[PDB]
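Below: one structure, written as structure tokens.
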Amino acid sequence: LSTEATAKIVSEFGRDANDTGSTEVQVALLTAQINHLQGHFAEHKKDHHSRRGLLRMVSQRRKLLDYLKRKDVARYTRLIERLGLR
Amino acid sequence: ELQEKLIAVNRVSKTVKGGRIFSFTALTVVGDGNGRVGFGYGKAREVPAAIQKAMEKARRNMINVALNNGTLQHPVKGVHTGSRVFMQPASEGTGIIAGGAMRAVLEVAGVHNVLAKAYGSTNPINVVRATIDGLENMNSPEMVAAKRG
Amino acid sequence: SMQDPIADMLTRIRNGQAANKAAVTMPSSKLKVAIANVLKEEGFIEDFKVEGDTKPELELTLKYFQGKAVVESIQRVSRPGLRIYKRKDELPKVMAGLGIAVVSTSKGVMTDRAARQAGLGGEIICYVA
Amino acid sequence: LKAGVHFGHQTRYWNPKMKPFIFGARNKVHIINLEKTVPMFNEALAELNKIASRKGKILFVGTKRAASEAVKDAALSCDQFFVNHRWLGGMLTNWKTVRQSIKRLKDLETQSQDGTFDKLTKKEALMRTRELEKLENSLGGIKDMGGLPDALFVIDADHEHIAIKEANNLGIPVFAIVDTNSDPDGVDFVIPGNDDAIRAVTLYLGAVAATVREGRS
RNA sequence: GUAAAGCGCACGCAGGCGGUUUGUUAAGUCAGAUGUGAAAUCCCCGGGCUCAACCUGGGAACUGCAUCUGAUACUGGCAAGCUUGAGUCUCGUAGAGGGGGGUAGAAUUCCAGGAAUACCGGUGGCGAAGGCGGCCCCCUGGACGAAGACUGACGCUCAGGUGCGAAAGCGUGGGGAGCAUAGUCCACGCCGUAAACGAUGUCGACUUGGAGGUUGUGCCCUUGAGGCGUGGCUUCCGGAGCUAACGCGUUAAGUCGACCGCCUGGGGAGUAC
């Protein structure tokens, strides 16, 4: 969720060490943590409180993808290749 | 010497256990025709004694205001607590194209060439407060140049 | 500032004209050096010193002659989204011309006399009185 | 100066209109400095004598308790005025009808300076001493007066700020001594000296009074 | 904020709006002319009816649009950057944020069990609001602090739009004590309603303050219950300023900037179609 499996996914995308909040490393950490949280909303199906917190970061997932879109068309396609998006 | 002028007189009542005791108000201004102006306020239980006591109220607390050519020179806006007064400087020979209470304060200053307007409320107690604040805020070209440099 | 650097500066200065502090300070872009190098020269304030190189920032010295404070009624007019690009033969004279009218000309910001001397107006920055 | 003796009183609860004149706090109280006040301990004497050379009148408005004798120390022996007790509303701005309240008095002084107080037999003269107790209390340095006070001197700005509110109202210069927690912006000739501590209040009133006999010149 | 008027509340699409440095283009805009804006009215000097209306010579003005030349300070598209707006990580901290699962008494009618806190319980405390209080674990939600680290404007706002939506009512499927004879209670579907009233959109930056709340955590004989700071939100009285007053008053309604909702006399009326 936050500590263990994030620590094995951090260096899978960084252009060097500790570049953590770069936009490549950003979304791939985040989109991963929408699939796994959707396992939690694969059931329980009445938590309308927390569901906006999911709905929060799903829109921000598309927000930073605009920042790949407007700057570098190449690196945009490279990670949605590696994630299979849209 | 000086120069008086009234404004109005009301029909101010009151209520005691007995009945309805009346009174009367008297709004006046005093300004010598050279730039200094003042105003007052005073009541009574009849008409002519109210004026007599309010007239001395204005013969003190006359505030220092400088003029330029029997007129104003730069457009101050005046506002005091119920009403907005918009004074634009104008040409010589123009009369004081003005409404109510500020006519009384401008033909006592020495002001004679101003077009101006009351913008909002038309209640002559609170109108006459504003234009005295309007002439208080002003600055002559001496007050311009000596203050900045 | 968030969404105008020059408007939100003009709140910061004349709040010093309501408690009479000595020195005022705002985070200072290179435009902001060119602001108070007009207010000093026309005489409305006295002295300023830029400092900082990762936070370039000013030390403006105020000017209150008495209990009265010198910078009386400064007003920004051209606020973002309401640009008023004045042609020069419309020009705002401030308080019958007795103040100054800071106009963003080509040749600089320093503007009393763009009416005749320079000869080209532009966007008003702020009236000054 | 002599203010190694007098430095501090008036604990922490304060007004932040008194920002410049405070030097700085020290153990839950502030210290009255010298640097902004030692000028005004003799900038005042540049204005004492020239106002006094107008044949002046300096009302020592002193309605504190410690200033009972401590304001008449060398006040009228130097030929000035004082009120070391209760205060009439408007001893400047309402003074002309306070003289009307001496029109009640100085014709009844004729009962005392003559022997004609024996009239109005003594059951009447029981109650008549009760004004004679109290008329000469608040009217001390005003019977010798013949005019408006040519200057103004409030000693403390937390007790008689009722008086200062009427004193600044009609434009007479004031040689005040304000406190650390005041509303100071009425007295336009202002001193943040120690206006507590009865030992120190003599150290300004006697300091002025050595010269004002020569003030009239 | 109470005078008609802040959608009950949330993310957001098209819209509107830019931190910070350099380069550059010249559309925005400024400047210069050259075209052109029909004449007649309006306007200023001048003529003619015995004056005036009226007729009239020349000017100015017609605020306009299109083109060349110029200008680079602001703004705007392209290019390149820097750290404070924002944002991810580490790391702890406090908590009626929920969802499910069973649990189960300080208590309580019938012959079994329906209910839900006594205490803590409060000016506490959570959350976008309606709200939510037994206890433990389970999947999840937000905020906070102490440092580092790197991303280099990536943001703020919102018409429609789509969700979450106090009671009841109603639907279909049961129950029946506390006690209103279904319904109230769980549940699957409609229904979106209200004092859904901080009768106070949102974010940002600035300005006299004073005392209490609560959560931290740096320094300091921590030598302690404790001081100076220093975070965050919430109280209580009050300066200047403001407001029709009443009042607000560092959590604003005060000085502002960007953006959205809404009102323009009462009744008929939240009604006719």
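Labeling convention for the structure tokens: chains A, B, ... as they appear, residues from 1 per chain, ligands from 1 in order of appearance.
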Taking only C-alpha atoms (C1' of nucleotides) into account and nothing else, which residues of chain E lie no more than 10 Å away from chain D? Please answer as a PyMOL selection string. chain E and resi 208-211+239
Tell me the residues of chain E close to chain A, meaning within 8 Å using only C-alpha atoms (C1' of nucleotides), as a VMD selection string. chain E and resid 11 87 to 89 98 to 100 139 to 141 149 to 151 154 164
Could you please tell me, as a PyMOL selection string, which residues of chain C have an atom within 10 Å of chain E when using only C-alpha atoms (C1' of nucleotides)? chain C and resi 1-19+26-27+29-31+34+54-55+76+79-81+83-88+103-109+119-125
Restricting the output to C-alpha atoms, write the selected residues as an mmCIF file, in the first residue's frame.
data_model
loop_
_atom_site.group_PDB
_atom_site.id
_atom_site.type_symbol
_atom_site.label_atom_id
_atom_site.label_comp_id
_atom_site.auth_asym_id
_atom_site.auth_seq_id
_atom_site.Cartn_x
_atom_site.Cartn_y
_atom_site.Cartn_z
ATOM 1 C CA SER C 1 1.153 36.770 -4.642
ATOM 2 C CA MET C 2 -0.981 34.197 -6.336
ATOM 3 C CA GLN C 3 -2.703 36.017 -9.153
ATOM 4 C CA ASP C 4 -1.274 39.511 -9.518
ATOM 5 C CA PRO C 5 2.185 40.368 -8.144
ATOM 6 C CA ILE C 6 1.720 44.088 -8.358
ATOM 7 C CA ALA C 7 -1.791 44.368 -6.979
ATOM 8 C CA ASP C 8 -0.927 42.291 -3.924
ATOM 9 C CA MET C 9 2.141 44.463 -3.437
ATOM 10 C CA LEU C 10 -0.042 47.571 -3.316
ATOM 11 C CA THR C 11 -1.924 46.140 -0.364
ATOM 12 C CA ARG C 12 1.398 45.609 1.400
ATOM 13 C CA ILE C 13 2.657 49.167 1.107
ATOM 14 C CA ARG C 14 -0.254 51.281 2.247
ATOM 15 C CA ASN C 15 -0.931 49.017 5.180
ATOM 16 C CA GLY C 16 2.319 50.632 6.296
ATOM 17 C CA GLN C 17 0.456 53.892 5.660
ATOM 18 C CA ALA C 18 -2.048 52.901 8.362
ATOM 19 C CA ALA C 19 0.252 51.975 11.271
ATOM 20 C CA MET C 26 7.894 42.122 -0.165
ATOM 21 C CA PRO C 27 9.371 39.316 -2.320
ATOM 22 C CA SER C 29 10.770 40.307 -8.909
ATOM 23 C CA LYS C 30 12.813 42.279 -11.418
ATOM 24 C CA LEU C 31 9.658 44.199 -12.274
ATOM 25 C CA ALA C 34 11.364 48.998 -11.450
ATOM 26 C CA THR C 54 17.523 33.004 -4.059
ATOM 27 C CA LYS C 55 14.765 35.178 -2.567
ATOM 28 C CA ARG C 76 -4.196 50.227 -8.948
ATOM 29 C CA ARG C 79 -6.084 44.840 -12.731
ATOM 30 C CA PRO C 80 -5.596 41.603 -14.697
ATOM 31 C CA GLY C 81 -8.542 40.864 -16.936
ATOM 32 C CA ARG C 83 -6.603 45.892 -19.150
ATOM 33 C CA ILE C 84 -7.170 49.532 -20.129
ATOM 34 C CA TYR C 85 -4.571 50.331 -22.773
ATOM 35 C CA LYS C 86 -4.749 54.115 -22.850
ATOM 36 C CA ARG C 87 -3.959 56.006 -25.981
ATOM 37 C CA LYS C 88 -1.726 58.851 -24.829
ATOM 38 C CA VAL C 103 2.170 54.087 -17.009
ATOM 39 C CA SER C 104 3.855 50.988 -18.431
ATOM 40 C CA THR C 105 5.477 52.616 -21.446
ATOM 41 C CA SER C 106 7.972 51.023 -23.790
ATOM 42 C CA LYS C 107 10.866 53.133 -22.573
ATOM 43 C CA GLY C 108 10.180 52.324 -18.930
ATOM 44 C CA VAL C 109 7.854 52.659 -15.979
ATOM 45 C CA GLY C 119 5.215 60.557 -26.292
ATOM 46 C CA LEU C 120 3.813 57.041 -26.086
ATOM 47 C CA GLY C 121 1.395 55.642 -23.527
ATOM 48 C CA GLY C 122 0.423 52.107 -22.716
ATOM 49 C CA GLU C 123 -1.163 50.053 -19.988
ATOM 50 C CA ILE C 124 -1.787 52.039 -16.819
ATOM 51 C CA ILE C 125 -0.076 50.427 -13.865
#
Output as CSV one row per residue of chain C within 12 Å of chain D: the closest atom pair and its distance in Å to one decimal place, counting only C-alpha atoms, sorted by chain and residue number ascending.
residue,atom,partner,partner_atom,distance
C:19,CA,D:17,CA,9.7
C:20,CA,D:20,CA,11.2
C:21,CA,D:20,CA,10.3
C:22,CA,D:20,CA,11.1
C:66,CA,D:188,CA,11.3
C:67,CA,D:185,CA,9.6
Considering only strand (DSSP E or B) as DSSP defines it on the backbone, what residues of chain B qualify? List them as a ChimeraX atom specification. /B:4-6,24-31,37-44,63,71,77-79,84-89,97,113-118
Hey, list the chain D side of the contact with chain B: 12 Å cut-off, only C-alpha atoms, answer as an MDAnalysis selection string. chainID D and resid 93 169:171
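Residue neighbourhood of segment 45-48 of chain E, excluding near-sequence residues (fewer than 4 positions): residues 55, 56, 57, 58 and 59 of chain E, at 9 Å, using only C-alpha atoms (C1' of nucleotides).
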Mind giving me the straight-line distance from atom CA of residue 45 of chain C to atom CA of residue 118 of chain C in Å, one decimal?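 Computing it gives 24.0 Å between the two atoms.
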